[PDB]
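A short write-up of the structure that comes next.
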Amino acid sequence: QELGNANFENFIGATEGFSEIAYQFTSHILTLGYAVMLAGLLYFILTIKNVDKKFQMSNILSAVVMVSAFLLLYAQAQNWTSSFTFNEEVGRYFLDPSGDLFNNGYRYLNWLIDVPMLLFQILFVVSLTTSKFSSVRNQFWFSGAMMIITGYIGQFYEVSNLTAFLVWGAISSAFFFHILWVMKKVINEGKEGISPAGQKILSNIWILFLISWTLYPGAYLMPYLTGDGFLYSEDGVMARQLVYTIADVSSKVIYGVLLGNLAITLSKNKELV
Amino acid sequence: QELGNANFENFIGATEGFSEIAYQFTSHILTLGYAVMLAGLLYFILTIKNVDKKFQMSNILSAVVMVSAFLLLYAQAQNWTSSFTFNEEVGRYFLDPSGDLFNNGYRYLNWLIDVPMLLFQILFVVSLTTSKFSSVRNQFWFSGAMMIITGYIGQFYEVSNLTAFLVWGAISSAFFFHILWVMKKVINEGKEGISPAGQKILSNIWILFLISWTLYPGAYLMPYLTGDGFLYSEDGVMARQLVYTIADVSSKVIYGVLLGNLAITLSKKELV
Amino acid sequence: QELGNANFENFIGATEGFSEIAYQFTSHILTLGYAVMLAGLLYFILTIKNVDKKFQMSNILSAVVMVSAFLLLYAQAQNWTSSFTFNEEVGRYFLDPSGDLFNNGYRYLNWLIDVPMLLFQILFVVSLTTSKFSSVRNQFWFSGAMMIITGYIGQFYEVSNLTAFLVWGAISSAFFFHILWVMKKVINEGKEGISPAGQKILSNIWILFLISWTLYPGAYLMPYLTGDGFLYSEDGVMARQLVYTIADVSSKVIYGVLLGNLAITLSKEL
Amino acid sequence: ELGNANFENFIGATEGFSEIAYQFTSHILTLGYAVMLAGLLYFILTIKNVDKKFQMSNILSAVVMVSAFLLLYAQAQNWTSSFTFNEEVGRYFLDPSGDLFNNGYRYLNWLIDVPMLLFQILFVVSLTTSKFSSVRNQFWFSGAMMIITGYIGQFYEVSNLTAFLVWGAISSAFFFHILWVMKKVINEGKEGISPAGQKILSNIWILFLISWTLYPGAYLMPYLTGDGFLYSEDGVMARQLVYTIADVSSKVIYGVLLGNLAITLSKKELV
Amino acid sequence: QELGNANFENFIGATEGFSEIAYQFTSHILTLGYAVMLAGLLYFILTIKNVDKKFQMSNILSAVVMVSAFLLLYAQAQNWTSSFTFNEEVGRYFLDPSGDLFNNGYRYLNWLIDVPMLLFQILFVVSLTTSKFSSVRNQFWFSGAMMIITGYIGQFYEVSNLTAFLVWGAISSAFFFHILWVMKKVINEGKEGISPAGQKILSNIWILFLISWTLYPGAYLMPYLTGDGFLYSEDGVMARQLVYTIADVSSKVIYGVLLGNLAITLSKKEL
Ligand code: NA
Ligand code: NA
Ligand code: NA
Ligand code: NA
Ligand code: NA
């Protein structure tokens with residue numbers, strides 16, 4: 001019944017319920033999510049000394065982000081399985097009040113760790129030319145926080161009030177665009193003065209960044225990307241968490257690995273294998 | 001509903017209940033709280049060797065605080081989610097007896113670890129002049145203990161007895177002012193004998209300490225800061241936990257980072 | 001009896017139930033599973049420096065795989081004990097809806113981490129010759145992904161739609177054969193130049209790889225390997241989890257140890 | 001019908017616990033295990049602050065922390081599962097499904113802590129006329145006997161007062177022997193070291209004497225005021241408060257002081 | 001009522017039930033068990049560098065055994081407390097279906113890690129003379145696995161089929177003697193060419209090994225060691241888990257510590 005300002009996963013769960021496939025996949029993909037993060041934490045810790053001292057902060061901040069991501073995805077995995085429970089007579093999983101409603105907002109507030117750190121860490125690997133370290137940092141952190149907070153507010157209304165949903169997301173999108181702007185600037189300046197091999201890694205980082213970060217606004221909109229459409233369903237629920245997981249792995253783990261490799265490159269006298 | 005000497009979160013949850021936003025936000029913010037601490041733990045451990053040996057005890061102590069803060073904030077997060085349970089009829093979360101009442105007391109007793117350590121660790125980075133190490137340490141430790149223990153007793157009565165609440169709070173404040181007094185002295189003496197860049201960091205630390213520590217009494221009084229005011233509601237519950245989380249992150253993590261940076265400047269190693 | 005697209009473990013659980021020996025053994029073997037992985041993690045971390053710097057990425061990748069494996073086998077172990085509950089009247093464990101249906105899928109998405117990593121780590125130990133580092137990797141990774149993803153879809157139908165089960169299994173099997181193809185090529189190129197002890201180990205790694213990886217298709221089909229036969233029963237359920245656990249220990253822990261030993265010979269003496 | 005159970009369950013089964021009694025007890029158990037895990041990190045991270053020959057003492061502190069953390073963590077959960085809130089009267093009552101609460105968990109775990117704590121001082125100080133192995137054996141035997149006898153006794157703290165007292169008395173005898181040996185060890189360790197080192201060892205002795213004596217205090221607690229004030233939720237709170245003060249003091253502070261002594265004895269200076 | 005092929009713990013628990021002391025003790029001893037192992041894990045990790053590089057694999061293997069033993073003993077502790085639940089009307093803990101039946105087999109399959117590793121590790125400390133590393137290792141691993149698997153099968157029948165219980169146990173014991181035979185040869189060869197101090201430690205390791213490992217077959221038979229006798233009861237239940245815990249600590253931790261000490265004496269380092 002009355003769900004109020006809740007995520008659409010609950011409305012699907014309280015009305016149609018989820019098939020075995022939809023319920024199991026979502027639980028598996030979230031579990032895959034946190035396993036990758038913990039493993040990633042290990043990777044980043046064990047490779048600290050593969051780069052020169054001054055680049056090591058980047059490994060450290062990658063680890064920091066792994067810790068946050070693992071904790072969150074682990075909790076979000078337990079929340080999924082607590083929120084939906086098998087009805088034997090129907091053969092589907094339905095909303096289970098005593099489990100709490102499912103809410104993606106857990107992710108959002110944790111981005112207050114992830115986003116600032118991911119943006120920050122590249123500043124310990126590349127060299128700026130025109131732009132100033134503290135200034136890029138502050139721009140990254142202000143815009144990151146605003147983006148997140150406004151998106152956080154909006155997602156609570158994804159069902160109860162489409163207008164607020166779309167307005168807060170548009171506002172949040174403005175801050176996102178600024179971030180893309182500043183990061184492209186940072187990538188370019190970071191290319192100045194370094195080896196082709198290093199420039200190549202930076203170019204890959206920019207494509208990865210652009211695509212992986214754009215997946216998140218995609219996950220925000222997922223339920224409506226097909227207009228009472230195909231995605232406003234358990235299919236859209238699965239797709240949302242799939243997109244999140246692909247994005248987390250890409251934006252966090254792969255991103256950090258590439259930065260580490262750029263760092264090996266820029267290090268004397270170390271080279272990639 | 002007989003709740004007795006319980007925090008006001010339980011009275012709101014037992015009467016009005018919590019909206020989806022109030023219950024979820026409070027849970028997210030408590031969850032961000034403990035995630036920050038475990039993340040911070042890693043940071044402080046992995047940066048120990050960025051400062052001269054004589055300063056590394058500050059990093060170690062920052063790490064120790066992170067361990068404690070993670071455990072307690074993790075527990076406090078679980079306390080929140082099991083104390084309130086969704087009612088499908090009206091779509092609000094209400095007090096769930098079988099999960100225990102919710103109490104902010106976990107956090108308070110955490111301070112019994114953290115406060116002594118956070119005040120203690122700056123003494124491993126700065127050098128005192130006219131003050132004696134042991135005498136400062138002792139005043140930090142005693143006044144901190146009394147501040148927290150008196151506040152801890154007091155918060156049990158925030159609803160059941162407003163007079164005891166305020167009187168214990170008032171007493172707690174007196175020890176707080178003493179710690180502020182002692183800390184400013186430590187910071188001033190620490191400025192002596194070090195470079196201006198170091199002095200600049202200590203100034204930032206003092207302002208951070210001042211603002212972040214004052215937030216806690218703010219959180220103490222939160223429900224009544226608007227008088228049956230606007231904050232005597234789920235909004236006040238949200239604001240209280242938000243303020244705690246900001247204060248913990250500031251007084252623990254940012255404080256630790258600034259001390260580490262100070263230790264780097266003082267180290268015969270530079271900043272970026 | 002409305003289970004939908006669910007693993008056969010649930011049908012057995014919901015109809016016959018499991019004997020004490022069947023329920024316990026399956027619980028014990030899953031438990032040994034995740035204990036071995038955590039044990040292995042510690043081993044691989046502590047022996048990183050036993051090889052030359054350039055080989056150490058393989059040790060690291062082994063540790064990384066152990067983390068992922070421990071977490072998933074631990075969860076899978078809990079999935080098991082949560083899904084089936086003792087009935088005191090007949091002395092058997094039956095399906096318990098409130099605990100969620102049991103699904104092996106946790107284990108399949110684990111493979112998305114482990115498979116790409118395992119195939120990858122060998123390239124950090126041996127030298128290629130005619131084919132390039134990036135091309136092998138990319139074929140390993142693409143083929144592994146497709147293998148896992150098609151097998152994953154297939155296992156949901158292992159009872160509800162036998163055809164889908166077999167088709168998806170076959171498609172998956174194609175990418176598997178492709179992987180076996182590239183790998184043997186990798187093993188072969190890797191044998192050139194190195195001492196005799198090293199080629200031997202590699203030959204073992206290849207036998208280990210071929211057997212352990214073939215075990216997974218066996219577990220996939222287990223319940224039907226005797227046709228409603230002997231393995232379409234709790235005995236089939238025990239066998240499947242026993243085979244997964246042997247496979248996983250072989251393909252990740254034993255495989256990793258050998259690669260480590262190879263790296264020591266190419267460095268330091270055993 | 002509770003049987004040979006700790007008095008906590010009798011209070012919990014009849015009068016119940018107030019919000020403050022129940023919350024405090026849970027909080028103090030939680031502080032306890034948090035301190036232990038924090039301490040584990042401290043002792044590991046400071047190993048290299050003393051000469052190699054002293055580092056075993058850090059390692060043994062770490063060992064004790066692992067032990068104390070696990071047990072206090074378990075006991076914290078045991079407390080909250082054993083007593084459940086009753087909404088009609090607003091008190092927490094015994095909840096059998098959670099199991100009866102028992103302090104005996106602590107006792108068996110002292111079979112790790114006690115021997116390791118007594119042992120570790122011998123890797124920091126130097127004996128003079130006494131032998132390392134003899135002091136070790138004395139400590140270890142008396143420690144085991146002290147713990148086992150008390151373990152047995154506490155099961156009868158309500159069901160059989162006489163047994164409770166007799167086993168406690170026997171346990172105390174071994175305790176007194178341990179105090180005797182430790183004092184001899186402290187005195188010997190003072191011979192030939194700097195006054196800074198001697199001062200610490202003196203503090204270690206006072207700390208050791210008070211903190212260890214707190215444990216028999218916790219044992220007797222329900223009866224320390226005779227159906228008195230402490231035979232109630234107040235004595236339940238006090239017993240756990242006392243255990244936690246004792247744990248932090250006997251384990252952490254002790255370990256920190258031994259580490260400081262090791263620094264003074266390292267040829268490394270005390271900040 | 002209908003238990004099938006289940007350990008006798010479940011039969012006692014379902015018929016007479018467990019007293020507070022029997023239930024709490026068994027829980028306490030299991031908790032001390034996993035606590036010792038995790039503490040051991042730290043010790044072995046933290047002492048690796050106290051021996052020459054060639055011997056450090058023995059530490060690593062000791063650590064491997066600790067992780068495995070902690071995990072299993074922790075799981076088994078939780079299974080004890082969820083399999084038996086308090087009945088307030090009677091004052092005893094009875095079988096609780098929904099917690100699953102209790103089974104020691106968890107422990108047995110865990111040995112497939114510990115046994116091969118414990119046997120293997122001594123070969124990174126001692127030097128063989130006439131025997132080959134590989135042959136000994138293979139003999140240890142094959143006989144170990146067969147010992148475990150045959151015993152594991154046997155214990156499922158400890159109540160439901162005395163005949164199979166003893167037959168499978170007898171078979172298991174055959175492989176056990178073989179292991180004893182091989183280990184004795186390994187210890188004799190390891191004594192060759194080393195200082196008497198080292199020889200002495202090896203002699204202790206042998207006695208420790210002989211005794212601690214033999215405790216396991218004792219635990220297997222425990223309920224019948226006194227014939228419907230004394231030990232077929234909650235006392236036998238207590239005794240069994242006590243013996244496992246003593247055995248695990250001795251065979252794992254103390255064994256591991258002596259090997260470390262042996263490694264130190266052989267290291268070109270002193271104890
Ligand atoms: Na569920
Ligand atoms: Na809830
Ligand atoms: Na079960
Ligand atoms: Na409770
Ligand atoms: Na129980």
Side-chain angles (χ1 to χ4, degrees), chain A residues 17-50 66 70 73-74 77-78 80-82 84-94 96 98-99 242 245-246 249 253 257 260-261 264 270 272-273, chain C residues 3-7 10 14 41 44-45 48 53-61 63-76 78-79 82-83 95-114 117 123-124 133 152-153 155-157 160:
Chain A
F18 297 108
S19 57
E20 173 74 357
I21 285 176
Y23 173 84
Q24 293 291 11
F25 172 73
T26 304
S27 168
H28 300 151
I29 202 64
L30 284 168
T31 298
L32 172 54
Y34 73 68
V36 173
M37 302 300 153
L38 191 56
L41 167 59
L42 187 64
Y43 171 83
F44 288 123
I45 285 171
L46 290 175
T47 56
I48 304 271
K49 289 166 192 193
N50 283 345
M66 292 303 98
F70 161 77
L73 296 180
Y74 188 89
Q78 309 320 310
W80 175 255
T81 54
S82 309
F84 306 103
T85 295
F86 196 70
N87 190 281
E88 211 169 4
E89 282 148 357
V90 181
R92 294 170 79 77
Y93 297 80
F94 288 89
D96 183 351
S98 66
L242 174 55
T245 303
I246 294 170
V249 180
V253 181
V257 169
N261 287 357
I264 291 172
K270 302 157 153 76
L272 292 169
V273 169
Chain C
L3 301 173
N5 302 318
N7 288 174
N10 303 292
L41 173 58
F44 290 123
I45 291 178
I48 303 264
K53 189 77 197 307
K54 69 170 162 184
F55 299 125
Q56 295 187 358
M57 182 54 65
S58 178
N59 266 93
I60 290 168
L61 290 179
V64 170
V65 166
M66 293 292 99
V67 174
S68 156
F70 159 82
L71 289 170
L72 179 145
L73 295 189
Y74 185 92
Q76 192 74 100
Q78 308 319 306
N79 191 199
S82 286
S83 284
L95 180 66
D96 179 4
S98 71
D100 288 358
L101 270 29
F102 184 84
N103 197 265
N104 293 294
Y106 286 91
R107 199 192 286 274
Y108 281 57
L109 269 50
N110 180 214
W111 298 338
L112 275 182
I113 296 170
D114 301 322
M117 290 300 92
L123 299 181
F124 284 91
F133 184 103
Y152 178 71
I153 297 158
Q155 59 88 37
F156 280 107
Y157 298 103
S160 65

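Order of the sequence lines fixes the chain letters, A, B, ..., with proteins taken first and strands second; residue numbering starts at 1 for each chain. Worth knowing before you read on, the calculation uses all heavy atoms, side chains too, and leaves out hydrogens, waters and symmetry mates.
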message: Is it the case that atom OH in C/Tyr74 sees more than 12 heavy atoms from other parts of the structure closer than 6.0 Å?
response: no
- prompt: What part of C/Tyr157 is in contact with chain A, defined as an atom under 4.5 angstrom from a non-hydrogen atom: side chain, backbone, both or neither?
  reply: side chain
query: Of the backbone (N, CA, C, O) and the side chain (C-beta and beyond), which part of A/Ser19 lies under 4.5 Å from a heavy atom of chain C, both, or neither?
result: neither
message: Side chains of C/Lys53 and A/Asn50, heavy atoms from C-beta outward: is any pair under 4.5 Å?
response: yes
message: Working to the nearest 0.5 angstrom, can you tell me the gap between C/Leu112 CG and A/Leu32 CG?
response: 6.0 Å
- prompt: So which part of A/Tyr23 gets closer than 4.5 Å to some heavy atom of chain C, the side chain, the backbone, both or neither?
  reply: side chain
- line: Across all chains, not counting sequence neighbours, the side-chain contact (heavy atoms from CB on, under 4.5 Å) partners of C/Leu123 are C/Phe120, C/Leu128, C/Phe133, C/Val136, C/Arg137, C/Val186
Heavy-atom closest contact (A/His28 atom, C/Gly105 atom, distance): CE1-CA, 3.6 Å
field: Portion of C/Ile45 that has a non-hydrogen atom of chain A nearer than 4.5 angstrom
entry: side chain
query: Is it the backbone or the side chain of C/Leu109 that comes under 4.5 Å from a heavy atom of chain A, or both, or neither?
result: both
- prompt: Which pair of heavy atoms, one from A/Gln24 and one from C/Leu101, lies closest together, and at what distance?
  reply: NE2-O, 3.1 Å
statement: Heavy-atom nearest pair, A/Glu20 first then C/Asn5, reads CG-O, 3.3 Å
task: Please state whether the side chain, the backbone, both or neither of A/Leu41 comes within less than 4.5 Å of a heavy atom of chain C.
output: neither
task: Check whether any side-chain heavy atom of C/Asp100 lies under 4.5 Å from a side-chain heavy atom of A/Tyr93, and answer yes or no.
output: yes
Nearest non-hydrogen partners of C/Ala75 and A/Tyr34, listed with the distance: CB-OH, 4.3 Å
Contact class of A/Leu38 relative to chain C, heavy atoms under 4.5 angstrom: both
Region of C/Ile153 in contact with chain A, defined by heavy-atom distances below 4.5 Å: neither
message: To check you understand the geometry: which heavy-atom pair defines the closest contact between A/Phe25 and C/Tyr152, and what is its length?
response: CA-OH, 3.4 Å
statement: Value for OG (C/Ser98) from CG (A/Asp96), rounded to nearest 0.5 Å, stands at 9.5 Å
- prompt: Which atoms of C/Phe156 come close to chain A, meaning under 4.5 Å heavy atom to heavy atom: side chain ones, backbone ones, both, or neither?
  reply: side chain
Heavy-atom side-chain proximity of A/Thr47 to C/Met57 below 4.5 angstrom: yes
- prompt: Does any heavy atom of chain A fall under 4.5 Å from the side chain of C/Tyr108, the backbone, both, or neither of them?
  reply: neither
task: Compare every heavy atom of C/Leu71 with every heavy atom of A/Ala35, then report the nearest pair and how far apart it is.
output: CA-CD1, 3.7 Å
message: Taking side chain as everything from C-beta outward and backbone as N, CA, C, O, which of these in C/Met117 sits under 4.5 Å from a heavy atom of chain A? Side chain, backbone, both or neither.
response: neither
